[PDB]
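Visitor: Sequence first, structure after, both from an experimental entry:
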Amino acid sequence: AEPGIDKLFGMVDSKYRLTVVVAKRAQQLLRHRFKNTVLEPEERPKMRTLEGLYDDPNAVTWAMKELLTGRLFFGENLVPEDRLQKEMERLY
Amino acid sequence: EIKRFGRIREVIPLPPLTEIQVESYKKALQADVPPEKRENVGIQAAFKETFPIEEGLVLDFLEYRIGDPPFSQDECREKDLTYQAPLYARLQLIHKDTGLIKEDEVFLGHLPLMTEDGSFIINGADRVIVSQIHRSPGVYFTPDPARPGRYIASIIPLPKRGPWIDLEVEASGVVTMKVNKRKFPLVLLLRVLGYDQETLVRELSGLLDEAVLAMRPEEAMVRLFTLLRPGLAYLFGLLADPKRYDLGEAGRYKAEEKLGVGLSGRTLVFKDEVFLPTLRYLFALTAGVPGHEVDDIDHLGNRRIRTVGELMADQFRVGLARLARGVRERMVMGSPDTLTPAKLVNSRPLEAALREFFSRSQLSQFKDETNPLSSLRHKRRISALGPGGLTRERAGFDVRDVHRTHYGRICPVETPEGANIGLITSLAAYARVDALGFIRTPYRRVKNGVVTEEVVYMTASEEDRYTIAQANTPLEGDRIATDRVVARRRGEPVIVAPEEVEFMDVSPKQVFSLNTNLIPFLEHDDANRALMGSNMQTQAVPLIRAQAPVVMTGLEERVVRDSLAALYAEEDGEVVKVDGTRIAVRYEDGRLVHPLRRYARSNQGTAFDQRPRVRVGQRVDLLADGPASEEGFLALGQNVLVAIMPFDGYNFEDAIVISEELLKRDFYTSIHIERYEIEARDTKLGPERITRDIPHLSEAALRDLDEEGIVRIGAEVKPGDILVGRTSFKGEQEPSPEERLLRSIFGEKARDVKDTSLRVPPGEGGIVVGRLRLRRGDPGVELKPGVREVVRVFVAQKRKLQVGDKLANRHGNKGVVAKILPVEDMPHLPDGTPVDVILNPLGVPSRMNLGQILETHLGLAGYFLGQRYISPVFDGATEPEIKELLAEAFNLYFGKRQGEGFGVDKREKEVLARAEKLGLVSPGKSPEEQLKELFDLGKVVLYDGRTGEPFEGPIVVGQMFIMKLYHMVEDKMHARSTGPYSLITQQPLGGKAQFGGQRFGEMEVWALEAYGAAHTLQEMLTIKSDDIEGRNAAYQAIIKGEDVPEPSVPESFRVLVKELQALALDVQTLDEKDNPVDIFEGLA
Amino acid sequence: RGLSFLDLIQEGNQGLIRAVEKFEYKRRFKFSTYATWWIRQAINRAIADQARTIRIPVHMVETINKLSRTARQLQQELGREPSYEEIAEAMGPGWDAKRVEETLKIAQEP
DNA sequence: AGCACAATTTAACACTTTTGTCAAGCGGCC
DNA sequence: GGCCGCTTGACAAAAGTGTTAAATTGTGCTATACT
């Protein structure tokens, strides 16, 4: 399963609304700007293979953990879908 | 090692087993027989049936000639041509004034014959046909399934040879006559029979209720022709073509023993024939003494097995039919120009139409040459599907009670599979003899030296199955009898007489098929269970090893010679064999060298070999084995020590465990071959030619193993390499703009032929055995017009044994190789010999119970005692028989230990504490005996090489039989990306490099959408597959950067809108605004 | 050959439209079994025009059937199916093995 | 089974001309 | 004086227009046999 997946259902009123948030975030968490993660300290999701410790290229996992730090927000908010580019603009 | 367990082996099994084929080209094909004699049946049969073609001008048919075929054997399995021998008869048109123009045997055309092997060679594919079955002619009436009203359903001579006659009795116009497709009163036509009144009523018999239809002869002919067809009689019994129960049996010998005395062969010839005896046996049938209302009931006594002999006789006729029609047209036009019995007859209609039958007709399935037993199961396979109306798989009106079992012990009950049950079975070993040409005939012993063949319909003084005998007069007192259905206790005439007219089965092999009797202990499993195992012997993929299964019936003694898998020895002996690839000669009569098949070639990619076994001189009469055999002993799979037990889970459900021991000795290994073919087309625009200097392909990988074009023989090649680099001037894509740069930048120039080569397919890591250049300029090669240079190479490859594959012995227990742990682990016997294979239960043991374990117990027993027992089906080899054997095996086993310098082990002592309370071994003397009885019905303690401590509990061990099916893993796997494509179809299919493919079952999409998957579901039709212009988006994106795929643009939908646009229908992309009426299709 | 019975009717009866027209009422033969020909000739001129091929004039159908009758002529006088080059001698000048193969390459009904 | 005539039409190939590319010469700059 | 760059001349290779040679249709029509 997923580390604390059941805890993800409790928050979202629907199991389907959760998925959307998971990806919606991953879209602007690694692809948009890898420096948009709230989890930066020692809570930063990392892998440990033969080489060493590095951040997993997959961001879908970060969302599940990112939507557990109590931060972020979901639901009908900010009608301008073109404003997301403005906020992302400040993040280079 | 001969431990025969067979009792009273009277007459041997009906040889040569393959008699259906012999009685096919010896009963019908009266070629190798002087025209002076011979009746019909076959050529001369359908030949004479062809009435003297009218127009004097009348062509007469006489004599015939076959033999001296163009290309002999091997020359066909290499060039493709078939073994079609020329056949032609002597003709001579005749007309009023002197017109006895007889041609020189009138060279007609070709005709494929049969080989001693018992098969045919079609397009170098050497295929075989399968005789069908159908209710023989005659009146069976058939009980009305709907409402109580026994009607009539007269069976025609052949499905495709006559209007089906019938007689139903309803309300409106009771007793209505209907043949082929008619709806008229029986009286209306009964009149035409010369009988209208006074002679048909009271004399023999709602009948003449229509007196107005039984008065005038001619009128009946006019009224009838008005009821059938729109607003005919020339057939239906009249003349020989639509209705004619010729031959002399089946159709003929029926009413003579059913309806009444008297018969000409065909109904209503208009003199009635079957229209009188019918109502005579009908009116007397309804509420009468003479019952016999016995319907078809799948009674084999009525089931006709039309062999190939008559199977071709009809098709041949049908083909010869056009010839007669063609001659007529030739007689209607012209007179002096060109009219000779050789010009009016062309070798195209009676040929092409006769050849398309062996190349395309279902029955002519690709001769399964996987193994000897597979090729022999075709001539006996038999079916009901084909040109007849007993086809249609899955459904077909009402066939539920048509494929089910039947009271016919002349056919097995475990040959079918699934998709087609009852339609595909097999013939018995002691079946098909004497005049099998008509109806089947089994064997019956009279308790005295003699065997009669009174057909299957036998019912004289019941009978008894081979069970308990005592010098002709079994002192049983209760002779197990079996008459018709149930078996009334017994009979025992209580006399020194022969028997109960036929109370003797001779051998228990008469029940099951010669394929099922092979099974060792065939008497401890279910039908379905034994079914799968029986089919495993059809794809057991031969092996050079062939250790031969310990327990094997003495029936395989003929499966090696009859199948001609191996060779033979004529007359005397004195071999002085030189061996190698060409067996020497024998001092019997002359000097004839026996050349091996040289690995030959298989139709399933197996390639069988035949290693000899002799030197200096010897005779008796085996001589060199075959594919999967050993000393005249049929050895399909391979027997190896196994042990039933679970191991970490590497055998869940019904999986199988394998050790590295097998691989170290390459115990389980096979061979797979594949023929390639690269034709050099001539599109005129640019002819193709094979060269060794392919453009842009300028590299070493070529000149090294290519040269002159074709690859060198005996050169190991892997996938992704060249084999037949042909050059084509075909210029489809001219030079591209910015491409002209990268072409000039380097040291090379342009091109005008492109690479375009063969390129090894996704799987081929072996070596080439030999090539073959077959280009034009040679009149001895029938190739496609306009084609030049037809390269044909043979690539081999060793199989070894990876992971997976199906074992499945000879009982049903099938599985798959999970993991092959190298020696180290695996249960180590208390004397070495680590368990090579582990067979944990689950799957078939408890559920679909069977009897394979009875082999294990007698396996290790024959290992130590050094013997290979023989267990005949339904005879000998029982639980108590294992007791006596186990005793000797134990003392011999423990004997070594007890004398080696030890005896009884601690770890071997605690295990007894188990059985003790477990109720297994009885408490008493020292562990010596406790370990003895534990061996009789079980095995030694056994340990575990991985963990460290022995498996607490009595585990069984012994040698059984571990086979290997054709289905593997390598050639059963696939993988691809965007590489695949099939323009016009808008889906991944085809490819000159990769023939990838994958389907998304309909029952799969619904499940995918059942979840929250909406983007993943759409994706399956977003970028990939559908959207061709979208397939790039994704694949082009990821390769460049992240980014999210397109919104989706269906491709087939555009084709659907188009295909559906072929008509008025206007699939408009109505937008949510309505008035705008959005439309996406304008080339964007 | 080509076109169903129903179709053949068209090109056939149509041959009357131009046949019955050009009728030499002069000769004392009386019209009868004449158009019987103006139909078949229209048929042969049709079966060559219409077929499951592409474009077969009067210089191909006549050759195909010629190479056909020949292939069936030598066949009835040999015992085996004659090759392509072995048919050259059966024809005459210009007909070798290549062009003879080009005729059976295009089509006729395949 | 089809041949011709004519007529006319279709198809392609070759020429002389033109265009493009390469090498040589001249001029300018260092 | 030397070297490099640019421009022009010569040579070689491949097109637009002309020229002619090969194929289809129609029709003609043929043609022969039967009514």
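Guide: Great, that's in hand. Numbers count the residues shown, from 1 in each chain, chains lettered A, B, ... in the order given.

Visitor: how close does residue B:454 sit to DNA strand E?
Guide: 63 Å (C-beta to the nearest atom of the strand, to the nearest Å). The C-beta positions use only the backbone N, C-alpha and C, and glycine is treated the same way.

Visitor: do residue B:141 as well
Guide: Distance from residue B:141 to DNA strand E, by C-beta to the nearest atom of the strand: 52 Å.

Visitor: out of everything not next to it in sequence, what's closest to that residue?
Guide: Of all residues not flanking residue B:141 in the chain, residue B:152 sits nearest, at 5.0 Å (C-beta to C-beta, 6 or more residues apart in numbering or on different chains).

Visitor: nearest residue to the closest residue to chain C within chain B other than its sequence neighbours?
Guide: The minimum distance from chain B to chain C, using C-beta to the nearest C-beta, falls at residue B:779 (3.4 Å). Leaving aside its sequence neighbours, residue B:779 sits nearest to residue C:83 (C-beta to C-beta, 6+ apart; 3.4 Å).

Visitor: Residue B:783 is in contact with the one you found, correct?
Guide: No - using C-beta atoms under 8 Å, residue C:83 makes no contact with residue B:783, being 9.8 Å away.

Visitor: Residue B:306 and residue B:131 touch, don't they?
Guide: Yes - with contact defined as C-beta under 8 Å, residue B:306 counts as touching residue B:131 (5.8 Å).

Visitor: what about the residue sitting nearest the centre point of chain A, is that helix, strand or coil?
Guide: Nearest to the geometric centre of chain A sits residue A:63, at 2.8 Å (C-alpha atoms, centre = their mean). Classification of residue A:63 using DSSP: H, G, I helix; E, B strand; the rest coil returns helix.

Visitor: For it, give me its contacts.
Guide: Residue A:63 makes contact with A:21-23, A:25-26, A:29, according to C-beta atoms under 8 Å, 6 or more residues apart in numbering or on different chains.

Visitor: Looking at these, which is nearest DNA strand E?
Guide: residue A:29 (54.4 Å; C-beta to the nearest atom of the strand).

Visitor: Wait, a helix at that closest one?
Guide: Yes - Residue A:29 sits within a helix when classified using three-state DSSP.

Visitor: How about the contacts made by it?
Guide: Residue A:29 touches A:36-37, A:59, A:62-63, A:66, counting by C-beta under 8 Å, 6+ apart.

Visitor: Mind doing that once more with 6 Å?
Guide: Listed by C-beta atoms under 6 Å, 6 or more residues apart in numbering or on different chains, the contact partners of residue A:29 are A:36, A:59, A:62.

Visitor: does the residue nearest to residue B:820 when sequence neighbours are not counted have beta-bridge partners, and which?
Guide: Among residues not flanking residue B:820 along the chain, residue B:658 sits closest, at 4.6 Å (C-beta to C-beta, 6+ apart). Listed by DSSP bridges, the beta-bridge partners for residue B:658 are residue B:820, residue B:837.

Visitor: you'd agree residue B:658 is up against residue B:819?
Guide: No - judged on C-beta atoms under 6 Å, residue B:658 makes no contact with residue B:819 at a distance of 7.8 Å.

Visitor: More neighbours: which of the two?
Guide: Using other C-beta atoms under 10 Å in any protein chain shown, the more surrounded residue of residue B:658 and residue B:819 is residue B:658, with 26 against 12.

Visitor: Can you give me the distance of the more buried one to residue B:650?
Guide: 9 Å (C-beta to C-beta, to the nearest Å).

Visitor: State the number of residues packed around the residue in chain B that DNA strand E sits nearest to.
Guide: Using C-beta to the nearest atom of the strand, the single residue of chain B nearest to DNA strand E is residue B:335, 7.7 Å away. By the criterion of other C-beta under 10 Å, residue B:335 has 8 neighbours.

Visitor: all strands of chain A, in order?
Guide: With DSSP state E as the criterion, chain A has strands at A:47-48, A:53-54.

Visitor: Please confirm that residue B:93 is located within a helix.
Guide: No - assessed with three-state DSSP, residue B:93 is strand; it does not lie in a helix.

Visitor: what bridges to it?
Guide: Bridge pairing for residue B:93 - DSSP bridges - gives residue B:59, residue B:101.

Visitor: wouldn't it be in contact with residue B:339 here?
Guide: No - applying C-beta under 6 Å, one finds residue B:93 not in contact with residue B:339, separated by 7.5 Å.

Visitor: neighbour-wise, which of those two wins?
Guide: residue B:93 (22 against 16).

Visitor: since we're on residue B:412, how many residues are nearby?
Guide: 25.

Visitor: where's it relative to residue B:661, distance?
Guide: Taken as C-beta to C-beta, the span from residue B:412 to residue B:661 is 37 Å.

Visitor: Ok, residue B:652 next?
Guide: 23 Å.

Visitor: the more surrounded of these two?
Guide: Using other C-beta under 10 Å, the more surrounded residue of residue B:652 and residue B:661 is residue B:661, with 19 against 12.

Visitor: I figured the more buried one hits residue B:838, correct?
Guide: No - counting by C-beta under 6 Å, residue B:838 is not a contact partner of residue B:661; they are 11.9 Å apart.

Visitor: Identify the residues contacting residue B:126.
Guide: residue B:367.

Visitor: 8 Å instead?
Guide: Contacts of residue B:126 (C-beta under 8 Å, 6+ apart): B:77, B:119-120, B:367, B:369, B:603.

Visitor: surely residue C:35 meets residue C:15?
Guide: Yes - counting by C-beta under 8 Å, residue C:35 sits close enough to residue C:15 to count as a contact (6.9 Å).

Visitor: what sits against residue 55?
Guide: Assuming you mean chain A. Applying C-beta under 8 Å, 6+ apart, the residues contacting residue A:55 are A:44-47.

Visitor: The chain in question should be chain B.
Guide: Per C-beta under 8 Å, 6+ apart, neighbours of residue B:55: B:328, B:331-332.
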